[PDB]
Amino acid sequence: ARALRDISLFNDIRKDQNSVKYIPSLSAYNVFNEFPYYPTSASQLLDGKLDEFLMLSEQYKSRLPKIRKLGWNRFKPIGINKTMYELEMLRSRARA
Amino acid sequence: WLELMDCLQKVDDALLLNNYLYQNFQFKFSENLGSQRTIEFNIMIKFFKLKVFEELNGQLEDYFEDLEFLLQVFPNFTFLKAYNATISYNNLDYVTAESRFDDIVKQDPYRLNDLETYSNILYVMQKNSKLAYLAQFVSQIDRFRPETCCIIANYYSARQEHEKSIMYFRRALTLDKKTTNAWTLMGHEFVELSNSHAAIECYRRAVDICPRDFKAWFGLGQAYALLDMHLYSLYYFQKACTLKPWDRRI
Amino acid sequence: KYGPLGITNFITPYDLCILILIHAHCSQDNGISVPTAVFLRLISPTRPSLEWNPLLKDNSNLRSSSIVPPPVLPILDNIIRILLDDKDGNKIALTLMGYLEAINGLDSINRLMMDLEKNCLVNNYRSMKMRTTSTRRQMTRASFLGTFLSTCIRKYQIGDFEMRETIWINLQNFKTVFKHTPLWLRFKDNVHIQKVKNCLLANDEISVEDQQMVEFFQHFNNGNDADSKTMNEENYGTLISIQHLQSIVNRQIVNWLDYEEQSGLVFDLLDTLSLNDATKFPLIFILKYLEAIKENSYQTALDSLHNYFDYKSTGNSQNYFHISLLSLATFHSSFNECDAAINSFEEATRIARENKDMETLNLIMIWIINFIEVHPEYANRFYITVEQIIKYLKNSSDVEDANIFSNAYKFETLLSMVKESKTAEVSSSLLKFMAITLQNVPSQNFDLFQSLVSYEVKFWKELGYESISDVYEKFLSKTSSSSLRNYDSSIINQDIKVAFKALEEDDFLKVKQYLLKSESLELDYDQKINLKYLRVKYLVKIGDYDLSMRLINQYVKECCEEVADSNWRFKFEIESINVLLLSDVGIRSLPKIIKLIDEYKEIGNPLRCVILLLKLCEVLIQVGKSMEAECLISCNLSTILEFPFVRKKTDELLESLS
Amino acid sequence: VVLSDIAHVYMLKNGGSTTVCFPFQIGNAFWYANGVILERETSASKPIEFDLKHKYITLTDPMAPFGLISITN
């Protein structure tokens, strides 16, 4: 892959003379949601082959905070008519 | 009997096994009740005839007189009629198959055993309303059987929603891996999705489970024929020829 | 050491073995530093990705400039034999042996994993110099071992408890396998294990009550065989990741293609895949394909080839249909189908256009004439003439080619040599091909370097200077052959040279039996002509000339129409001169020889001119006019001794004149 | 090459490979000018029973349908 320019000789002469779409694979489709997995970056695509370990690493990393993120938004306790999302919002404004 | 039927692989083996059951096979008359140990008047030997001779699509012998004999003794047996309906289905006689199956649903409404062919017939019939009834009705019983996840997939395929139907076929296979018929159907829903790369693997797994799969070879042969690679598909079609030579379609 | 094989995306028992050694090296409490050679043999195969196309490209970058030891199988027997070799390696090996005895539970495995992340591994070197209070060596993420340990740590938190549970079943299954080996008996007790085991087993926090039941929990799970064992699912004997398996197979096929390896162990283990590892690892199919060609199996080879291109095409996001056809096209040319390969190749061009990608077309064109080079008789059948490609490839680009120009000029040199062009152009064209090939690395591009030697040894041999040819002949590789040309072609080629030697030594029985094999073998065109030419020379020796004369003119006539091979036209032609003049009638050859003399005077090939002089001299002495033949040979005696292989005919003629 | 119930015809001079089936099992195969004669498998298991009405098959090329022999007194 010297490209004819990494050769010092022909590189010298030239100076003197001057004077990818992605498609899902079968393993990409999962069982629970019909949306197939889409890689985030080309690094996860090993020479056009989807790394099963790499895709399963991002899947674990995504689901991990999702358990922590459970109470945000919709979830509302009894006796408080406001959810915890804007509990931290007003808390942020309290000190600031 | 079913484990015995599974170990059989080719029709010629059945003829060898069928003979052994006749000349040098006798039951223990002590354990079994009288007038039953006779091979000619048994019932399991008969039920063996209707099962192996047609699931392997083997040459029929001693099969006609036994079938009508079983219909007389067992007029209300649900398993017999569905097998009787399947025989018409296997002969590409769909209209009569529909009438036979319609008796099953009325007589036995909760049977997720042979309905996979019923929802298979309805897809070709294009009776989307009748199929839509079945998908809602079957799914209400339970969604964990292999068939109920195959009944719905046919209904979702008829509505040209492939990215969702492809999901259920993989679901239907995960519950019971023995249902290898879902591989070829899973392959078809990729071809209609204009995704040839994914289809090729899907068909190829089916033949690696069992090489004697005419459906898998043909479905894999077409996927190459859809592309310009006409000659590259000749080998796949040639292999499928040996499986079922007596077919006009191939 | 054998067992069922299965791909695992988790911490394999082999992976902990490196994790054991790296713990000893970094702890620096025992003062044992693992040799750098041991590490570079263990982690390096685990490093991700090498890639290898089936054909159409051979060892372009897979070859290592420095010879590397084979990758190590994940068995404690094989791992120990590496460390054991050193005179002080028993101390290093026993350190690994001691640790594997210390980790008796799943919690102990987590202790090693927790220890490294909190203390050993370090985010960056900027925090290294501030951590001078550490009693253990610390490591950077970007280092060789740092990037490995990060992946290994990542492979531990990526799993649930079922993942950690399979680690400990397999490791004890992996450990107890080594227990029933002769090597374990030699190390049954060495007392260094007890010292190192007690180094880490300390601070157990209990020795009287819990340790009584800790043994019970371990023993009951283990197969004590006192009663029926607790029933559990079948467990694999060996666990390997995809990357490590890739290193083993790539090394095996390369070693097969052309420190001792274990062919039996690797082949046996690879045959026990659960048929789903084969899908995740398509290269197992081609490993059968290479073996199938060795024994020359037709049906078996095709099935494995098709299997490899069904799983690979789906895995590769890039379109690979345009590559599948050529490999099948190459396979057909390997079995001398020829015509069947042409139809398969035609559909490859059409598929390439649909992709609308330029880089693949250069690969298609390169494969075109390489097929033509092996089978020149099919140059007319193609939709593109050979000269059209050379004109394109010469002015293809000035960058992102590297090897295209090295290929392009080599094909011009063959066409020019066959066209019997002036030796002025042939030397210049060969100079271009030689200059570019040696400019870049010739070691990595082993295919073209061998082709250079084959041409140059052929180019200088036709000129008559065996001295130059001998030097380059020592660089020509034997039994290596090339792709898309059979597999027993090397055996046949060595056999032809034996037959020619047998002809010189008057072993007529041997050459006669070989000619029988000739009529029923499937031979390449270049091999065809040699045996076609060998048959003519053998028939001249016997004495029957009516058959030979009717035979030789048929050869040359089809050596000018079917293939425009001028070099083989000349060698056949002079044989027609020899059979005539040997039969005391050489006068008929006079119009033919003189037509070649002045024709080859313009070409300037000194061998061609001199060999015609000897035939001319031999004609003149059988007419009764030896007087002028002596006068002609005397003036040219100086310039005819420079050619060695005509000296024997020259010297023999001198005694005739006396 | 003739198997128990499948024949493979590999073209050597030119072309690829073909494969054909048969109505029943074949005992042995004998070559004749332009075709093959196939003998049915007689008995297998030990009962010994066999067929005699027609056990010979004539085929010219793989693609064409099989033929039946003719015997006269």
# chains A, B, ... in the order shown; residues from 1 in each chain; ligands from 1
>>> residues_around(residues="residue 533 in chain C", least_positions_apart="4", cutoff="10 Å", atoms="only C-alpha atoms", output="PyMOL selection string")
chain C and resi 527-529+537-538+552+555+568+571-572+575
>>> residues_around(residues="range 120-130 of chain C", least_positions_apart="6", cutoff="9 Å", atoms="only C-alpha atoms", output="list in words")
residues 23, 26, 27, 136, 137, 138, 139, 140, 141, 142, 146, 149 and 150 of chain C
>>> closest_atom_pairs(of="chain D", to="chain B", cutoff="7 Å", atoms="only C-alpha atoms", output="CSV")
residue,atom,partner,partner_atom,distance
D:19,CA,B:242,CA,6.9
D:20,CA,B:242,CA,6.3
D:21,CA,B:242,CA,6.2
D:45,CA,B:16,CA,6.4
>>> write_last_selection(atoms="N, CA and C atoms", output="compact mmCIF listing (two decimals), in the first residue's frame")
# COMPACT_ATOMS: atom_id res chain seq x y z
N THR D 19 -26.64 -34.70 -11.22
CA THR D 19 -27.07 -35.72 -10.27
C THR D 19 -28.50 -36.12 -10.58
N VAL D 20 -28.79 -37.42 -10.47
CA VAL D 20 -30.10 -37.96 -10.79
C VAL D 20 -30.55 -38.91 -9.68
N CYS D 21 -31.86 -39.15 -9.63
CA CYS D 21 -32.47 -40.07 -8.68
C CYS D 21 -33.02 -41.29 -9.42
N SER D 45 -32.47 -56.77 5.45
CA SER D 45 -33.06 -56.90 6.78
C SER D 45 -32.60 -55.78 7.71
>>> closest_atom_pairs(of="range 513-575 of chain C", to="range 500-509 of chain C", cutoff="12 Å", atoms="only C-alpha atoms", output="CSV")
residue,atom,partner,partner_atom,distance
C:513,CA,C:509,CA,6.4
C:514,CA,C:509,CA,8.8
C:515,CA,C:509,CA,10.2
C:516,CA,C:509,CA,11.3
C:530,CA,C:500,CA,9.7
C:531,CA,C:500,CA,9.8
C:533,CA,C:500,CA,10.4
C:534,CA,C:500,CA,7.5
C:535,CA,C:500,CA,10.5
C:536,CA,C:503,CA,11.6
C:537,CA,C:503,CA,8.5
C:538,CA,C:503,CA,7.2
C:539,CA,C:508,CA,10.4
C:540,CA,C:503,CA,11.1
C:541,CA,C:503,CA,8.8
C:542,CA,C:508,CA,8.8
>>> write_last_selection(atoms="C-alpha atoms", output="PDB file, in the first residue's frame")
ATOM      1  CA  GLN C 513       6.458 -44.514 -19.346  1.00  0.00           C
ATOM      2  CA  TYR C 514       6.022 -40.810 -18.573  1.00  0.00           C
ATOM      3  CA  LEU C 515       4.613 -40.090 -22.039  1.00  0.00           C
ATOM      4  CA  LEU C 516       1.850 -42.597 -21.283  1.00  0.00           C
ATOM      5  CA  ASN C 530       6.904 -28.967 -22.707  1.00  0.00           C
ATOM      6  CA  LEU C 531       5.445 -32.474 -22.854  1.00  0.00           C
ATOM      7  CA  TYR C 533       7.963 -30.675 -27.115  1.00  0.00           C
ATOM      8  CA  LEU C 534       9.346 -33.590 -25.082  1.00  0.00           C
ATOM      9  CA  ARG C 535       7.469 -36.081 -27.264  1.00  0.00           C
ATOM     10  CA  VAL C 536       9.128 -34.663 -30.388  1.00  0.00           C
ATOM     11  CA  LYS C 537      12.663 -34.929 -28.996  1.00  0.00           C
ATOM     12  CA  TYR C 538      12.056 -38.494 -27.806  1.00  0.00           C
ATOM     13  CA  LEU C 539      10.803 -39.559 -31.241  1.00  0.00           C
ATOM     14  CA  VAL C 540      13.922 -38.146 -32.917  1.00  0.00           C
ATOM     15  CA  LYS C 541      16.137 -40.279 -30.665  1.00  0.00           C
ATOM     16  CA  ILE C 542      14.291 -43.505 -31.534  1.00  0.00           C
TER      17      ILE C 542
END
>>> closest_atom_pairs(of="chain C", to="chain B", cutoff="10 Å", atoms="only C-alpha atoms", output="tab-separated table")
residue	atom	partner	partner_atom	distance
C:275	CA	B:208	CA	8.3
C:276	CA	B:205	CA	9.4
C:279	CA	B:205	CA	8.8
C:302	CA	B:235	CA	9.5
C:303	CA	B:235	CA	9.6
C:306	CA	B:235	CA	9.4
C:307	CA	B:204	CA	8.3
C:309	CA	B:200	CA	9.8
C:310	CA	B:201	CA	6.2
C:311	CA	B:201	CA	5.8
C:312	CA	B:201	CA	8.9
C:313	CA	B:197	CA	6.4
C:314	CA	B:197	CA	4.7
C:315	CA	B:197	CA	8.2
C:316	CA	B:197	CA	8.7
C:317	CA	B:197	CA	8.4
C:318	CA	B:197	CA	9.7
C:319	CA	B:197	CA	8.3
C:320	CA	B:197	CA	9.3
C:321	CA	B:229	CA	8.4
C:322	CA	B:229	CA	9.3
C:324	CA	B:232	CA	9.2
C:325	CA	B:232	CA	7.5
C:328	CA	B:232	CA	8.8
C:340	CA	B:231	CA	10.0
C:343	CA	B:231	CA	7.9
C:344	CA	B:231	CA	6.7
C:346	CA	B:229	CA	9.9
C:347	CA	B:229	CA	6.3
C:348	CA	B:229	CA	8.1
C:350	CA	B:228	CA	7.9
C:351	CA	B:228	CA	7.1
C:354	CA	B:228	CA	9.7
>>> residues_around(residues="range 50-66 of chain A", least_positions_apart="2", cutoff="10 Å", atoms="only C-alpha atoms", output="ChimeraX atom specification")
/A:24-25,27-28,37-40,42-48,68-72 /C:8-10,154-155,157-159,241-242,280,315-317
>>> write_last_selection(atoms="N, CA, C and O atoms", output="tab-separated table (two decimals), in the first residue's frame")
chain	number	residue	atom	x	y	z
A	24	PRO	N	-28.20	-4.09	8.04
A	24	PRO	CA	-28.17	-4.99	9.19
A	24	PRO	C	-27.84	-6.41	8.79
A	24	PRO	O	-28.16	-6.87	7.69
A	25	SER	N	-27.19	-7.12	9.71
A	25	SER	CA	-26.94	-8.55	9.57
A	25	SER	C	-27.98	-9.33	10.37
A	25	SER	O	-28.77	-8.76	11.12
A	27	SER	N	-27.46	-11.41	12.85
A	27	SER	CA	-27.18	-11.32	14.28
A	27	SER	C	-27.51	-9.95	14.85
A	27	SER	O	-27.74	-9.83	16.06
A	28	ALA	N	-27.52	-8.91	14.02
A	28	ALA	CA	-27.82	-7.57	14.51
A	28	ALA	C	-29.25	-7.47	15.03
A	28	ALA	O	-29.50	-6.84	16.06
A	37	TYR	N	-30.08	-3.22	15.61
A	37	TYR	CA	-29.04	-2.41	16.21
A	37	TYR	C	-28.27	-1.65	15.14
A	37	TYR	O	-27.88	-2.22	14.11
A	38	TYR	N	-28.06	-0.36	15.37
A	38	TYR	CA	-27.28	0.49	14.47
A	38	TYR	C	-25.99	0.88	15.15
A	38	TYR	O	-26.03	1.52	16.22
A	39	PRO	N	-24.83	0.53	14.59
A	39	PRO	CA	-23.56	0.88	15.25
A	39	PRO	C	-23.38	2.39	15.36
A	39	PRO	O	-23.76	3.15	14.47
A	40	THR	N	-22.79	2.82	16.48
A	40	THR	CA	-22.60	4.24	16.72
A	40	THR	C	-21.45	4.81	15.91
A	40	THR	O	-21.52	5.95	15.44
A	42	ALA	N	-17.78	3.81	13.21
A	42	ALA	CA	-17.15	2.85	12.32
A	42	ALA	C	-16.15	1.95	13.05
A	42	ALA	O	-15.79	0.89	12.52
A	43	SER	N	-15.69	2.36	14.23
A	43	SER	CA	-14.77	1.52	14.99
A	43	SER	C	-15.41	0.21	15.40
A	43	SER	O	-14.74	-0.83	15.45
A	44	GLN	N	-16.71	0.23	15.71
A	44	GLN	CA	-17.43	-1.00	16.04
A	44	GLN	C	-17.62	-1.91	14.84
A	44	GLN	O	-17.98	-3.08	15.03
A	45	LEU	N	-17.39	-1.42	13.63
A	45	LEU	CA	-17.50	-2.22	12.41
A	45	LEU	C	-16.09	-2.67	12.02
A	45	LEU	O	-15.31	-1.89	11.48
A	46	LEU	N	-15.78	-3.93	12.29
A	46	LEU	CA	-14.45	-4.48	12.06
A	46	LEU	C	-14.36	-4.98	10.63
A	46	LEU	O	-14.80	-6.09	10.32
A	47	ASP	N	-13.78	-4.15	9.75
A	47	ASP	CA	-13.59	-4.50	8.34
A	47	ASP	C	-14.90	-4.90	7.68
A	47	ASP	O	-14.97	-5.85	6.89
A	48	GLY	N	-15.97	-4.17	8.00
A	48	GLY	CA	-17.28	-4.47	7.48
A	48	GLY	C	-18.04	-5.54	8.23
A	48	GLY	O	-19.21	-5.79	7.91
A	68	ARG	N	-31.31	3.08	36.74
A	68	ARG	CA	-31.25	4.25	37.60
A	68	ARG	C	-32.20	5.34	37.12
A	68	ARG	O	-32.82	6.04	37.94
A	69	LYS	N	-32.34	5.50	35.81
A	69	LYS	CA	-33.18	6.53	35.21
A	69	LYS	C	-34.67	6.21	35.29
A	69	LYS	O	-35.48	6.89	34.65
A	70	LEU	N	-35.06	5.18	36.06
A	70	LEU	CA	-36.44	4.72	36.06
A	70	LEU	C	-37.40	5.79	36.58
A	70	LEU	O	-38.42	6.08	35.95
A	71	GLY	N	-37.07	6.40	37.72
A	71	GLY	CA	-37.99	7.30	38.38
A	71	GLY	C	-38.20	8.63	37.69
A	71	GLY	O	-39.12	9.36	38.06
A	72	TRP	N	-37.37	8.96	36.70
A	72	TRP	CA	-37.47	10.24	36.02
A	72	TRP	C	-38.75	10.31	35.19
A	72	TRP	O	-39.32	9.29	34.80
C	8	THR	N	-16.49	-17.93	22.97
C	8	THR	CA	-17.01	-17.26	24.16
C	8	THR	C	-16.64	-15.79	24.11
C	8	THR	O	-15.47	-15.44	23.90
C	9	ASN	N	-17.63	-14.93	24.32
C	9	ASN	CA	-17.42	-13.49	24.42
C	9	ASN	C	-17.10	-13.05	25.84
C	9	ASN	O	-17.30	-11.88	26.19
C	10	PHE	N	-16.61	-13.97	26.67
C	10	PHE	CA	-16.36	-13.70	28.08
C	10	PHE	C	-14.92	-14.03	28.46
C	10	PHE	O	-14.09	-14.29	27.58
C	154	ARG	N	-13.16	-5.06	30.89
C	154	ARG	CA	-14.44	-4.81	30.25
C	154	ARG	C	-15.21	-6.10	30.03
C	154	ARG	O	-16.44	-6.13	30.17
C	155	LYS	N	-14.51	-7.19	29.71
C	155	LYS	CA	-15.17	-8.47	29.51
C	155	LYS	C	-15.65	-9.11	30.80
C	155	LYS	O	-16.34	-10.14	30.74
C	157	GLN	N	-17.14	-7.05	33.53
C	157	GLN	CA	-18.31	-6.29	33.94
C	157	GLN	C	-19.45	-6.36	32.93
C	157	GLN	O	-20.51	-5.78	33.17
C	158	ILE	N	-19.25	-7.07	31.82
C	158	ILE	CA	-20.19	-7.09	30.71
C	158	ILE	C	-21.14	-8.26	30.95
C	158	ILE	O	-22.13	-8.44	30.23
C	159	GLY	N	-20.86	-9.05	31.98
C	159	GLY	CA	-21.57	-10.28	32.21
C	159	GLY	C	-22.33	-10.26	33.53
C	159	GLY	O	-21.95	-9.58	34.49
C	241	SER	N	-11.91	-17.00	22.43
C	241	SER	CA	-12.53	-15.86	21.78
C	241	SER	C	-12.31	-15.93	20.27
C	241	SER	O	-11.52	-16.73	19.77
C	242	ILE	N	-13.03	-15.07	19.54
C	242	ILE	CA	-12.92	-15.06	18.09
C	242	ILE	C	-11.52	-14.66	17.66
C	242	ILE	O	-10.93	-15.28	16.76
C	280	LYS	N	-20.33	-17.78	13.53
C	280	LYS	CA	-19.59	-16.63	14.04
C	280	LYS	C	-18.15	-16.61	13.52
C	280	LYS	O	-17.52	-15.55	13.52
C	315	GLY	N	-22.05	-11.30	6.90
C	315	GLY	CA	-21.32	-10.62	7.96
C	315	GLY	C	-20.70	-9.32	7.49
C	315	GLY	O	-20.72	-8.31	8.20
C	316	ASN	N	-20.14	-9.32	6.28
C	316	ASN	CA	-19.51	-8.13	5.73
C	316	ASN	C	-20.58	-7.14	5.30
C	316	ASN	O	-21.42	-7.45	4.45
C	317	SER	N	-20.56	-5.94	5.89
C	317	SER	CA	-21.49	-4.90	5.47
C	317	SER	C	-21.23	-4.50	4.02
C	317	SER	O	-22.17	-4.18	3.29
>>> interface_residues(of="chain A", to="chain B", cutoff="7 Å", atoms="only C-alpha atoms", output="list in words")
residues 25, 26, 31 and 34 of chain A
>>> write_last_selection(atoms="N, CA and C atoms", output="PDB file, in the first residue's frame")
ATOM      1  N   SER A  25     -27.188  -7.120   9.707  1.00  0.00           N
ATOM      2  CA  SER A  25     -26.939  -8.546   9.571  1.00  0.00           C
ATOM      3  C   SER A  25     -27.976  -9.326  10.372  1.00  0.00           C
ATOM      4  N   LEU A  26     -27.966 -10.648  10.193  1.00  0.00           N
ATOM      5  CA  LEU A  26     -28.928 -11.488  10.899  1.00  0.00           C
ATOM      6  C   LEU A  26     -28.722 -11.412  12.406  1.00  0.00           C
ATOM      7  N   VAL A  31     -34.377  -9.919  19.600  1.00  0.00           N
ATOM      8  CA  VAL A  31     -35.668 -10.588  19.725  1.00  0.00           C
ATOM      9  C   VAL A  31     -36.733  -9.675  20.326  1.00  0.00           C
ATOM     10  N   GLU A  34     -38.177  -4.930  17.383  1.00  0.00           N
ATOM     11  CA  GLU A  34     -37.922  -5.199  15.973  1.00  0.00           C
ATOM     12  C   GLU A  34     -36.972  -4.203  15.318  1.00  0.00           C
TER      13      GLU A  34
END
>>> atom_distance(atom1="CA of residue 413 in chain C", atom2="CA of residue 396 in chain C")
18.0 Å
>>> residues_around(residues="residue 102 in chain B", least_positions_apart="3", cutoff="12 Å", atoms="only C-alpha atoms", output="list in words")
residues 81, 82, 85, 95, 96, 97, 98, 99, 105, 106, 107, 108, 109, 115, 118, 119, 121, 122 and 130 of chain B
>>> interface_residues(of="chain D", to="chain C", cutoff="8 Å", atoms="only C-alpha atoms", output="list in words")
residues 14, 15 and 16 of chain D
>>> select_by_dssp(residues="range 2-250 of chain B", states="alpha helix (DSSP H)", output="PyMOL selection string")
chain B and resi 2-7+11-20+44-55+64-73+78-90+94-107+115-125+128-141+148-158+162-175+181-191+196-209+214-226+234-243
>>> closest_residue(among="B:148, B:222, B:157, B:9", to="residue 113 in chain B", atoms="only C-alpha atoms")
B:148
>>> residues_around(residues="residue 50 in chain D", least_positions_apart="5", cutoff="9 Å", atoms="only C-alpha atoms", output="list in words")
residues 41, 42 and 43 of chain D
>>> residues_around(residues="residue 18 in chain D", least_positions_apart="5", cutoff="9 Å", atoms="only C-alpha atoms", output="PyMOL selection string")
(chain B and resi 238) or (chain D and resi 7-11+62-63)
>>> write_last_selection(atoms="N, CA and C atoms", output="PDB file, in the first residue's frame")
ATOM      1  N   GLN B 238     -29.662 -27.227  -8.408  1.00  0.00           N
ATOM      2  CA  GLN B 238     -29.313 -28.612  -8.715  1.00  0.00           C
ATOM      3  C   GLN B 238     -29.413 -29.492  -7.477  1.00  0.00           C
TER       4      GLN B 238
ATOM      5  N   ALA D   7     -27.227 -41.269  -8.270  1.00  0.00           N
ATOM      6  CA  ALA D   7     -26.089 -41.326  -9.178  1.00  0.00           C
ATOM      7  C   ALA D   7     -25.540 -39.925  -9.395  1.00  0.00           C
ATOM      8  N   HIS D   8     -24.219 -39.800  -9.363  1.00  0.00           N
ATOM      9  CA  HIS D   8     -23.534 -38.551  -9.655  1.00  0.00           C
ATOM     10  C   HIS D   8     -22.790 -38.696 -10.974  1.00  0.00           C
ATOM     11  N   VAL D   9     -22.996 -37.744 -11.878  1.00  0.00           N
ATOM     12  CA  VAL D   9     -22.351 -37.746 -13.185  1.00  0.00           C
ATOM     13  C   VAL D   9     -21.491 -36.492 -13.255  1.00  0.00           C
ATOM     14  N   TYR D  10     -20.183 -36.657 -13.091  1.00  0.00           N
ATOM     15  CA  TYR D  10     -19.238 -35.551 -13.158  1.00  0.00           C
ATOM     16  C   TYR D  10     -18.620 -35.512 -14.550  1.00  0.00           C
ATOM     17  N   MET D  11     -18.855 -34.419 -15.268  1.00  0.00           N
ATOM     18  CA  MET D  11     -18.279 -34.242 -16.594  1.00  0.00           C
ATOM     19  C   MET D  11     -16.800 -33.905 -16.454  1.00  0.00           C
ATOM     20  N   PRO D  62     -28.370 -38.445 -18.331  1.00  0.00           N
ATOM     21  CA  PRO D  62     -29.022 -38.181 -17.034  1.00  0.00           C
ATOM     22  C   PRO D  62     -30.354 -37.458 -17.147  1.00  0.00           C
ATOM     23  N   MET D  63     -30.500 -36.564 -18.126  1.00  0.00           N
ATOM     24  CA  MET D  63     -31.688 -35.719 -18.178  1.00  0.00           C
ATOM     25  C   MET D  63     -32.914 -36.493 -18.652  1.00  0.00           C
TER      26      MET D  63
END
>>> atom_distance(atom1="CA of residue 255 in chain C", atom2="CA of residue 489 in chain C")
19.3 Å
>>> atom_distance(atom1="CA of residue 61 in chain B", atom2="CA of residue 24 in chain D")
14.4 Å
